[PDB]
2 protein chains.
Amino acid sequence: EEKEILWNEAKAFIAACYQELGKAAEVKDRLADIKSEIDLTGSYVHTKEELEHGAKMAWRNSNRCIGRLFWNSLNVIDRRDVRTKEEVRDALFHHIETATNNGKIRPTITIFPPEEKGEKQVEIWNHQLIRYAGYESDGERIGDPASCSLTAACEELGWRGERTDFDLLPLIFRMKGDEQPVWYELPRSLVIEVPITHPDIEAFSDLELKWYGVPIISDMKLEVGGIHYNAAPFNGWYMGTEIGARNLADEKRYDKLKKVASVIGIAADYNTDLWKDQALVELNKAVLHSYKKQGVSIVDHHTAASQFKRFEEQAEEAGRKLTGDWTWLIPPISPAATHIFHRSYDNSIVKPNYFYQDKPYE
Amino acid sequence: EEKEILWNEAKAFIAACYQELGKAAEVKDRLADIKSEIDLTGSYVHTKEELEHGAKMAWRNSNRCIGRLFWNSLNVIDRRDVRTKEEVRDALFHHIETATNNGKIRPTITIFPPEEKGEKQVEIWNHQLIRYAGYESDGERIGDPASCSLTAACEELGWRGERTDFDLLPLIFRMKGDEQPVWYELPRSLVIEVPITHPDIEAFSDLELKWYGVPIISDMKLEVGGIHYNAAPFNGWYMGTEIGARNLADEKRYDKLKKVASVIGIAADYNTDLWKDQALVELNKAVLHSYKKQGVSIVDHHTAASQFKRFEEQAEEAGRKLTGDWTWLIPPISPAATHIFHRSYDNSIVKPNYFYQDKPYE
Ligand code: HEM
Ligand code: HEM
Ligand SMILES: Nc1ccc2ccc(CNCCCc3cccnc3)cc2n1
Ligand SMILES: Nc1ccc2ccc(CNCCCc3cccnc3)cc2n1
Ligand SMILES: C[C@H](O)[C@H](O)[C@H]1CNc2nc(N)[nH]c(=O)c2N1
Ligand SMILES: C[C@H](O)[C@H](O)[C@H]1CNc2nc(N)[nH]c(=O)c2N1
Ligand SMILES: [Cl-]
Ligand SMILES: [Cl-]
């Protein structure tokens with residue numbers, strides 16, 4: 001059964017991938033090799049080219065991503081050879097290092113061994129490789145509430161944060177065979193952080209806000225041709241709204257808008273004064289300014305929307321069907337000022353793709 | 001066939017309406033009367049109570065409306081007795097007058113005779129009873145582009161606008177029997193307009209912006225118990241975003257953001273400066289301030305979202321199933337600062353309701 005489902009998904013993928021690669025004649029003698037290897041071993045092993053392209057095809061089919069224009073420039077690191085947790089850790093250290101690239105962020109993905117027969121070889125617990133801790137205990141709310149569950153889990157394993165609002169969580173992953181995950185504190189030298197300042201409001205630094213340079217998502221399942229790479233951390237760069245309008249703005253996150261309104265000198269008393277809307281703008285201007293000022297990659301929601309329109313045009317030009325999630329594609333500030341708002345998208349799921357998976361903690 | 005569809009819809013409605021009215025025992029001797037009247041006449045006639053409540057039930061089931069909290073305070077004017085176009089016109093004049101209420105807007109709906117056997121008795125061409133004209137001719141873009149089609153149609157019938165950016169369109173409707181619609185110029189005394197000013201930027205008046213006080217939608221089909229009131233203009237008050245973020249902001253409408261950015265003293269050169277977002281806020285602050293300053297009803301998107309949450313709570317409290325359109329319920333500015341963004345809604349269509357219908361023009 002599980003041998004059949006793999007064969008069907010692989011037939012669809014290899015045909016399409018080789019179709020796009022210009023190896024349409026190589027499809028047949030490859031499917032045979034797979035047809036045998038599947039029957040004999042239970043699974044098949046991707047070539048370096050299929051996997052590189054499969055990871056690019058998966059980003060392209062991410063209905064919720066606004067930055068899909070550059071799907072083909074994705075730097076794919078093939079780490080299916082890792083066996084030890086010192087290799088996993090070093091590869092994760094290297095990913096941070098090479099994806100960061102001194103501030104000029106390279107969209108990168110590191111691919112670890114996939115599930116054999118549903119069995120994970122490596123199991124990453126981090127949502128993102130770089131992420132702040134969160135603490136909730138008796139009136140105490142410190143750090144990122146979104147990180148509360150993982151933080152408690154890490155503290156169950158011997159780790160202790162300094163309990164600042166910006167404690168770097170450790171890397172925490174579990175190898176096949178071991179009962180508990182291991183954890184490694186992140187070298188500070190490898191992590192770029194950006195202090196949030198404002199172009200013309202010098203009082204803005206009094207908020208002492210900051211965020212990390214590179215968002216490296218590490219808890220999603222890359223699925224390529226019936227093969228489940230449950231451990232494949234990828235990254236791009238930030239769209240400013242993710243930080244300025246959600247991470248630092250949400251009440252169930254950092255909840256900084258009243259503080260922003262105070263330092264930008266406006267009152268937070270009346271809804272009719274639109275202080276939340278005004279604070280959201282100056283904070284988001286601050287995030288973009290701070291990242292540019294340091295030399296770290298970032299895009300604003302308008303430029304990103306322009307780029308995504310090109311992706312729509314590129315897709316149409318290629319005879320490729322477009323898929324997208326409107327509810328996720330629209331930016332959380334001024335969405336009506338983007339073309340995304342004024343058209344619809346087909347939220348159908350095409351593989352290869354990236355999927356959510358259950359947390360090993362909680 | 002058309003006799004059956006009416007009977008099914010009526011059975012569902014009468015049962016439910018009387019259920020809510022506390023006349024659950026009166027359901028049976030009423031359905032009989034309908035069962036006969038349908039068989040003998042092809043249709044049935046609503047009582048003054050069912051229609052009043054049916055129009056309130058229809059507003060409640062509008063998945064896209066954020067102001068549904070006050071569905072029960074809807075003022076229903078029963079004008080199913082109109083036979084002449086001087087009665088239709090006067091009723092429309094009266095609707096404007098009583099709904100406006102010197103600035104303290106009453107949510108009102110005027111109900112005209114419904115379709116007999118698919119045949120319209122009255123056919124209103126106006127999108128809204130009060131709306132500005134739009135002109136596009138050889139580089140000329142004057143007024144509201146959204147009104148271009150209707151405006152041209154009105155000018156085909158002897159009407160001529162002064163070709164300002166804010167020409168009041170005439171009322172234009174067609175009576176059963178007549179080939180062409182008639183038109184009547186609106187008495188200026190009945191129309192409240194609001195000049196857009198800014199609380200602290202005196203240069204804002206240089207834009208010479210204004211909008212009308214009351215949005216009275218007149219091209220939607222009210223459906224109550226298999227009965228199609230194709231002519232039932234209704235109104236509430238404006239949520240500020242409709243004017244400040246869409247009507248006056250969209251490029252395919254009034255397209256005023258660069259002009260707003262100029263008068264509020266910021267540059268419109270870089271996306272990273274978030275000038276569209278900043279202009280959208282000050283313009284929207286201007287709209288709310290201008291309406292309050294004059295004494296015309298208006299609500300901001302935050303207060304409206306708070307009210308809609310109460311509607312959600314009121315519905316849950318009543319054992320009533322909630323339906324809603326997330327893509328339309330979220331406001332076009334700072335939507336993530338509202339609870340609407342962070343939950344989902346069932347976009348199922350429940351009757352009674354309001355529906356789009358084909359334009360007699362274009
Ligand atoms: C190049 C820079 C990129 C930008 C600016 C970008 C932008 C975004 C944004 C803003 C989101 C919404 C996230 C949220 O609201 O929480 C998103 C979602 C997503 N992006 Fe991208 N993205 C980029 C690169 C990538 C890359 C390299 C991949 C993977 C190969 C990817 C795959 C996805 C996926 C899977 C989601 C959905 C995540 C979810 O379900 O929460 N994107 N993208
Ligand atoms: C009390 C004040 C009201 C407010 C503030 C309000 C707010 C809104 C808003 C903002 C929209 C979205 C319109 C758009 O984006 O174009 C909307 C849609 C709608 N509202 Fe309301 N509304 C109110 C009263 C009413 C009333 C009295 C009715 C009818 C009885 C109604 C029925 C609807 C319907 C049918 C739509 C959907 C129209 C469409 O499909 O374009 N609302 N409402
Ligand atoms: N710039 C980018 C690129 C890719 C991204 C991929 C994923 C995400 C976030 N997805 C998970 C959101 C769910 C969540 C998790 C924790 C706290 N709140 C919400 C962002 C990306 N950004
Ligand atoms: N405050 C309110 C209350 C009720 C409303 C009902 C309808 C509308 C607008 N619906 C039609 C939008 C489609 C359109 C038409 C012309 C130009 N652009 C878009 C607003 C309401 N507002
Ligand atoms: C209910 C809704 O799907 C949910 O709140 C979504 C809305 N759209 C979103 N869009 C983005 N980019 N990110 C999000 O977290 C969400 N949340
Ligand atoms: C494609 C999408 O449905 C369309 O652009 C909608 C989005 N949500 C909206 N929401 C409101 N309130 N008004 C609108 O006109 C629209 N337009
Ligand atoms: Cl993030
Ligand atoms: Cl309107």
# chains A, B, ... in the order shown; residues from 1 in each chain; ligands from 1
>>> residues_near_ligand(ligand="ligand 4", cutoff="7 Å", atoms="only C-alpha atoms and all ligand atoms", output="MDAnalysis selection string")
chainID B and resid 65 146 215 217 235:239
>>> select_by_dssp(residues="range 199-348 of chain A", states="strand (DSSP E or B)", output="ChimeraX atom specification")
/A:210-212,216-217,221-224,227-229,234-235,238-239,298-299
>>> interface_residues(of="chain B", to="chain A", cutoff="9 Å", atoms="only C-alpha atoms", output="ChimeraX atom specification")
/B:245-246,249-251,271-274,276-278,280-282,284-285,288-289,299-303,326-327,332-337,341
>>> write_last_selection(atoms="N, CA, C and O atoms", output="compact mmCIF listing (two decimals), in the first residue's frame")
# COMPACT_ATOMS: atom_id res chain seq x y z
N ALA B 245 -10.19 54.72 2.59
CA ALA B 245 -9.24 53.70 2.15
C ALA B 245 -9.61 53.04 0.83
O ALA B 245 -8.82 52.29 0.27
N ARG B 246 -10.82 53.31 0.34
CA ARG B 246 -11.27 52.68 -0.90
C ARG B 246 -11.81 53.67 -1.93
O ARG B 246 -11.28 53.79 -3.03
N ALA B 249 -9.16 56.37 -2.20
CA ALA B 249 -7.78 55.87 -2.19
C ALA B 249 -7.41 55.01 -3.40
O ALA B 249 -6.29 55.10 -3.91
N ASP B 250 -8.34 54.16 -3.83
CA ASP B 250 -8.08 53.25 -4.95
C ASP B 250 -7.64 53.99 -6.22
O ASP B 250 -8.15 55.07 -6.51
N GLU B 251 -6.70 53.40 -6.95
CA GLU B 251 -6.26 53.98 -8.22
C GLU B 251 -7.39 53.95 -9.25
O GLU B 251 -7.51 54.84 -10.09
N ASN B 271 8.99 53.08 -1.71
CA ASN B 271 8.08 52.12 -1.09
C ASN B 271 8.48 51.87 0.36
O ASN B 271 7.62 51.72 1.24
N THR B 272 9.78 51.83 0.61
CA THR B 272 10.33 51.58 1.94
C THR B 272 9.97 52.67 2.95
O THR B 272 10.07 52.45 4.16
N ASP B 273 9.57 53.84 2.47
CA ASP B 273 9.16 54.91 3.36
C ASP B 273 7.71 54.76 3.82
O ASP B 273 7.26 55.48 4.71
N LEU B 274 6.99 53.83 3.19
CA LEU B 274 5.60 53.53 3.54
C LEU B 274 4.70 54.77 3.47
O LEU B 274 3.94 55.04 4.39
N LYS B 276 2.29 55.39 1.18
CA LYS B 276 0.91 55.02 0.90
C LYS B 276 0.20 54.62 2.19
O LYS B 276 -0.97 54.94 2.39
N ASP B 277 0.92 53.93 3.06
CA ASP B 277 0.38 53.50 4.34
C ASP B 277 0.16 54.70 5.26
O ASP B 277 -0.85 54.78 5.96
N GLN B 278 1.10 55.63 5.23
CA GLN B 278 1.02 56.84 6.04
C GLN B 278 -0.08 57.78 5.54
O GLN B 278 -0.83 58.36 6.33
N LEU B 280 -2.71 56.85 3.83
CA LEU B 280 -3.97 56.16 4.10
C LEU B 280 -4.49 56.42 5.52
O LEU B 280 -5.70 56.51 5.74
N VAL B 281 -3.57 56.55 6.47
CA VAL B 281 -3.95 56.79 7.86
C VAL B 281 -4.45 58.21 8.07
O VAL B 281 -5.54 58.42 8.61
N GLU B 282 -3.67 59.19 7.62
CA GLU B 282 -4.05 60.59 7.80
C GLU B 282 -5.32 60.97 7.03
O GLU B 282 -6.10 61.80 7.49
N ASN B 284 -7.71 58.75 6.42
CA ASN B 284 -8.76 58.08 7.17
C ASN B 284 -9.06 58.76 8.51
O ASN B 284 -10.20 58.70 8.99
N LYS B 285 -8.05 59.38 9.11
CA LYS B 285 -8.26 60.21 10.29
C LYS B 285 -9.06 61.44 9.88
O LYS B 285 -9.93 61.90 10.61
N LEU B 288 -12.93 60.52 9.36
CA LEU B 288 -13.61 60.36 10.65
C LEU B 288 -13.78 61.70 11.36
O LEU B 288 -14.84 61.99 11.91
N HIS B 289 -12.72 62.51 11.35
CA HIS B 289 -12.77 63.83 11.97
C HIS B 289 -13.79 64.74 11.29
O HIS B 289 -14.54 65.45 11.95
N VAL B 299 -18.58 55.31 11.76
CA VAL B 299 -17.88 54.45 12.71
C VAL B 299 -16.49 54.12 12.18
O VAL B 299 -16.28 54.02 10.97
N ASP B 300 -15.51 54.00 13.08
CA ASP B 300 -14.17 53.59 12.68
C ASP B 300 -14.12 52.06 12.66
O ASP B 300 -14.96 51.40 13.27
N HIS B 301 -13.13 51.50 11.98
CA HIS B 301 -13.06 50.05 11.80
C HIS B 301 -12.78 49.29 13.09
O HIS B 301 -13.14 48.11 13.21
N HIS B 302 -12.14 49.94 14.06
CA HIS B 302 -11.86 49.29 15.34
C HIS B 302 -13.14 49.13 16.17
O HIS B 302 -13.44 48.05 16.69
N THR B 303 -13.88 50.23 16.32
CA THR B 303 -15.15 50.22 17.03
C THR B 303 -16.14 49.27 16.37
O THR B 303 -16.85 48.53 17.05
N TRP B 326 -14.84 36.35 5.58
CA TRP B 326 -13.59 36.85 6.14
C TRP B 326 -12.90 37.86 5.23
O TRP B 326 -12.41 38.89 5.69
N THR B 327 -12.89 37.56 3.93
CA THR B 327 -12.24 38.42 2.95
C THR B 327 -12.90 39.79 2.81
O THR B 327 -12.29 40.73 2.31
N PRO B 332 -9.77 47.25 5.23
CA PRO B 332 -8.64 47.39 4.30
C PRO B 332 -7.45 48.12 4.91
O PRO B 332 -6.42 48.24 4.24
N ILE B 333 -7.58 48.62 6.14
CA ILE B 333 -6.42 49.14 6.86
C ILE B 333 -6.29 48.51 8.25
O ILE B 333 -7.29 48.26 8.92
N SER B 334 -5.04 48.25 8.65
CA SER B 334 -4.72 47.52 9.89
C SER B 334 -5.66 46.37 10.25
O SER B 334 -6.12 46.30 11.39
N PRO B 335 -5.93 45.45 9.31
CA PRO B 335 -6.89 44.39 9.61
C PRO B 335 -6.41 43.45 10.71
O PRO B 335 -7.24 42.85 11.38
N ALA B 336 -5.10 43.31 10.88
CA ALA B 336 -4.54 42.41 11.87
C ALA B 336 -4.72 42.92 13.30
O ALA B 336 -4.50 42.19 14.27
N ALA B 337 -5.11 44.19 13.44
CA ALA B 337 -5.35 44.76 14.75
C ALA B 337 -6.80 44.53 15.19
O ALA B 337 -7.24 45.08 16.20
N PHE B 341 -9.49 39.20 11.86
CA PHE B 341 -8.35 38.63 11.18
C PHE B 341 -7.93 37.29 11.78
O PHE B 341 -7.48 36.39 11.07
>>> closest_residue(among="B:219, B:242, B:167, B:162", to="ligand 8", atoms="only C-alpha atoms and all ligand atoms")
B:242
>>> atom_distance(atom1="CA of residue 140 in chain B", atom2="CA of residue 306 in chain A")
27.4 Å
>>> atom_distance(atom1="atom 2 (C, counted along the ligand's line) of ligand 1", atom2="CA of residue 67 in chain A")
5.1 Å
>>> atom_distance(atom1="CA of residue 63 in chain A", atom2="CA of residue 107 in chain A")
17.8 Å
>>> residues_around(residues="residue 310 in chain B", least_positions_apart="2", cutoff="12 Å", atoms="only C-alpha atoms", output="short mmCIF file (atom, residue, chain, number, x, y, z; two decimals) with N, CA and C atoms, in the first residue's frame")
data_model
loop_
_atom_site.label_atom_id
_atom_site.label_comp_id
_atom_site.auth_asym_id
_atom_site.auth_seq_id
_atom_site.Cartn_x
_atom_site.Cartn_y
_atom_site.Cartn_z
N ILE B 66 -20.14 44.11 8.48
CA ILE B 66 -19.46 44.20 9.77
C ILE B 66 -20.34 44.88 10.82
N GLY B 67 -21.45 45.47 10.38
CA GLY B 67 -22.31 46.23 11.27
C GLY B 67 -23.60 45.52 11.64
N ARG B 68 -23.59 44.20 11.59
CA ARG B 68 -24.81 43.41 11.80
C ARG B 68 -25.32 43.35 13.25
N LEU B 69 -24.63 44.02 14.17
CA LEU B 69 -25.04 44.00 15.57
C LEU B 69 -26.42 44.62 15.77
N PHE B 70 -26.75 45.60 14.93
CA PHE B 70 -27.97 46.36 15.09
C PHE B 70 -29.05 45.96 14.09
N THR B 303 -13.88 50.23 16.32
CA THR B 303 -15.15 50.22 17.03
C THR B 303 -16.14 49.27 16.37
N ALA B 304 -16.18 49.29 15.04
CA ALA B 304 -17.06 48.41 14.28
C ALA B 304 -16.71 46.95 14.52
N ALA B 305 -15.41 46.65 14.58
CA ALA B 305 -14.95 45.30 14.85
C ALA B 305 -15.33 44.85 16.26
N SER B 306 -15.26 45.78 17.21
CA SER B 306 -15.67 45.51 18.58
C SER B 306 -17.16 45.18 18.63
N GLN B 307 -17.95 45.98 17.92
CA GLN B 307 -19.39 45.78 17.83
C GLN B 307 -19.72 44.44 17.17
N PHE B 308 -18.95 44.07 16.15
CA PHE B 308 -19.19 42.83 15.44
C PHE B 308 -18.86 41.61 16.30
N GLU B 312 -21.18 38.52 17.35
CA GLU B 312 -20.76 37.13 17.42
C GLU B 312 -21.17 36.52 18.76
N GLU B 313 -21.01 37.30 19.83
CA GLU B 313 -21.38 36.85 21.17
C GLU B 313 -22.90 36.77 21.32
N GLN B 314 -23.60 37.74 20.73
CA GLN B 314 -25.06 37.74 20.76
C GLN B 314 -25.63 36.52 20.03
N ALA B 315 -25.02 36.18 18.90
CA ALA B 315 -25.43 35.02 18.11
C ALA B 315 -25.21 33.72 18.88
N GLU B 316 -24.02 33.57 19.45
CA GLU B 316 -23.69 32.40 20.25
C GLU B 316 -24.65 32.25 21.43
N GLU B 317 -24.99 33.38 22.03
CA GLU B 317 -25.89 33.44 23.17
C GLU B 317 -27.31 33.03 22.79
N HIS B 339 -10.00 41.46 15.78
CA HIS B 339 -10.21 40.05 16.11
C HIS B 339 -10.65 39.25 14.89
N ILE B 340 -11.26 39.94 13.93
CA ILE B 340 -11.76 39.33 12.71
C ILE B 340 -10.66 38.58 11.95
#
>>> select_by_dssp(residues="range 255-343 of chain B", states="alpha helix (DSSP H)", output="PyMOL selection string")
chain B and resi 257-263+275-294+301-317+326-329
>>> closest_residue(among="B:221, B:351, B:131, B:228", to="ligand 8", atoms="only C-alpha atoms and all ligand atoms")
B:131
>>> residues_around(residues="residue 296 in chain B", least_positions_apart="6", cutoff="10 Å", atoms="only C-alpha atoms", output="ChimeraX atom specification")
/B:100-105,192-194,212-214,237-238,288,290
>>> residues_near_ligand(ligand="ligand 6", cutoff="6 Å", atoms="only C-alpha atoms and all ligand atoms", output="mmCIF file with N, CA and C atoms, in the first residue's frame")
data_model
loop_
_atom_site.group_PDB
_atom_site.id
_atom_site.type_symbol
_atom_site.label_atom_id
_atom_site.label_comp_id
_atom_site.auth_asym_id
_atom_site.auth_seq_id
_atom_site.Cartn_x
_atom_site.Cartn_y
_atom_site.Cartn_z
ATOM 1 N N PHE A 341 -5.107 42.150 -3.223
ATOM 2 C CA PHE A 341 -6.431 42.366 -2.659
ATOM 3 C C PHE A 341 -7.523 42.332 -3.725
ATOM 4 N N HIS A 342 -7.198 42.815 -4.917
ATOM 5 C CA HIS A 342 -8.215 43.072 -5.928
ATOM 6 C C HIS A 342 -8.374 41.952 -6.951
ATOM 7 N N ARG A 343 -7.736 40.813 -6.699
ATOM 8 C CA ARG A 343 -7.979 39.615 -7.503
ATOM 9 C C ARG A 343 -8.065 38.384 -6.607
ATOM 10 N N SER A 344 -8.509 37.262 -7.169
ATOM 11 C CA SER A 344 -8.630 36.025 -6.401
ATOM 12 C C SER A 344 -7.571 34.997 -6.799
ATOM 13 N N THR B 327 -12.887 37.562 3.933
ATOM 14 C CA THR B 327 -12.237 38.417 2.946
ATOM 15 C C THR B 327 -12.898 39.785 2.814
ATOM 16 N N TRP B 328 -14.146 39.891 3.260
ATOM 17 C CA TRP B 328 -14.884 41.145 3.180
ATOM 18 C C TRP B 328 -15.073 41.779 4.549
ATOM 19 N N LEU B 329 -14.988 40.959 5.589
ATOM 20 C CA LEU B 329 -15.169 41.440 6.953
ATOM 21 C C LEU B 329 -13.938 42.177 7.478
#
>>> closest_residue(among="B:325, B:62, B:244, B:190", to="ligand 5", atoms="only C-alpha atoms and all ligand atoms")
B:325
>>> closest_residue(among="A:203, A:109, A:260, A:322", to="ligand 1", atoms="only C-alpha atoms and all ligand atoms")
A:109
>>> residues_around(residues="range 353-359 of chain B", least_positions_apart="2", cutoff="12 Å", atoms="only C-alpha atoms", output="number ranges by chain")
B: 13, 53-65, 109, 123-127, 149-150, 153, 173, 217-234, 323, 348-351, 361-362
